[PDB]
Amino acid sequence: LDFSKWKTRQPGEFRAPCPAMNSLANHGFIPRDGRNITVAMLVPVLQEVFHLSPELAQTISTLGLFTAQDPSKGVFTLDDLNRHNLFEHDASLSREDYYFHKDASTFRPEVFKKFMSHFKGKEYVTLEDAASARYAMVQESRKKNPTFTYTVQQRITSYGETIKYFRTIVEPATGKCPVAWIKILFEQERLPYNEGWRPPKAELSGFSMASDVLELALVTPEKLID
């Protein structure tokens, strides 16, 4: 894992709405041009760079394959991940809903500003602030987007994405998530190795995700009952 090979995205290179996957490509940990991705190649990378458990890595990578133009052929691209309402969903943290400009892939400073304002004056992301920030995007989409789609599938991916950054973009010494490293991940699509980040000591598993998603929901004022 040579983190010094990093280059920002170049013309012709496919990129996704994911800052993690986009960082892998920019680091050259997966093909830089965002093409020719297989589950077999991605899974070890996710385990080594982000310390996802084997099964969680296999699961998310396969959900990625399911966005391919032909998932039978076992190959997908970062552009496949941009397909609306397959994996990509409304109420994102740093991207606008597909509805508005038919581009839910391009990083949006004005969306990211809203998200980050939930951590203003803090060096670290707390569970409660991360809950508030994600749910604020749900409320905005619900009030602004007449096509808002937020089913069982989108709910877990949305909750899971907040857990993913909260658990993986952490200080080795503390396990805590610095606001400044989130900023680097989303804005630069660089893993903040230079700033002191390393692959997490703790494994992110399906079970640990389940606990974390529960804890997020218990500090979110979101209910489907009344």
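Residue positions are given as counts along the sequence shown, with the first one as 1.
Engineer: On average, which has the higher Cα B-factor in the deposited entry, 42-50 or 65-73?
Structural biologist: Looking at the recorded C-alpha B-factors, 65-73 comes out higher on average.
Engineer: If you average the CA temperature factors over each stretch, which comes out higher, 98-106 or 118-126?
Structural biologist: Comparing averages over the C-alpha atoms only gives 118-126.
Engineer: Which is it among 93, 78, 156, 136: the one with the largest CA B-factor in the entry?
Structural biologist: Top of the list by C-alpha B-factor: 136.
Engineer: Could you look up the Cα B-factor of residue 36 in the entry and say which third of the chain it sits in: lowest, middle or highest?
Structural biologist: Middle third.
Engineer: Splitting the chain's C-alpha B-factors into thirds, which one does residue 192 fall into?
Structural biologist: Within its chain, residue 192 is a lowest-third residue by C-alpha B-factor, going by the deposited values.
Engineer: Is the Cα B-factor recorded for residue 201 in the lowest, middle or highest third of its chain?
Structural biologist: Answer is highest: the recorded C-alpha B-factor places it there.
Engineer: Rank-wise, by C-alpha B-factor, drop residue 23 into the lowest, middle or highest third of its chain.
Structural biologist: Within its chain, residue 23 is a lowest-third residue by C-alpha B-factor, going by the deposited values.
Engineer: Among the modelled residues of this chain, does the Cα B factor of residue 183 put it in the lowest, middle or highest third?
Structural biologist: Answer is highest: the recorded C-alpha B-factor places it there.
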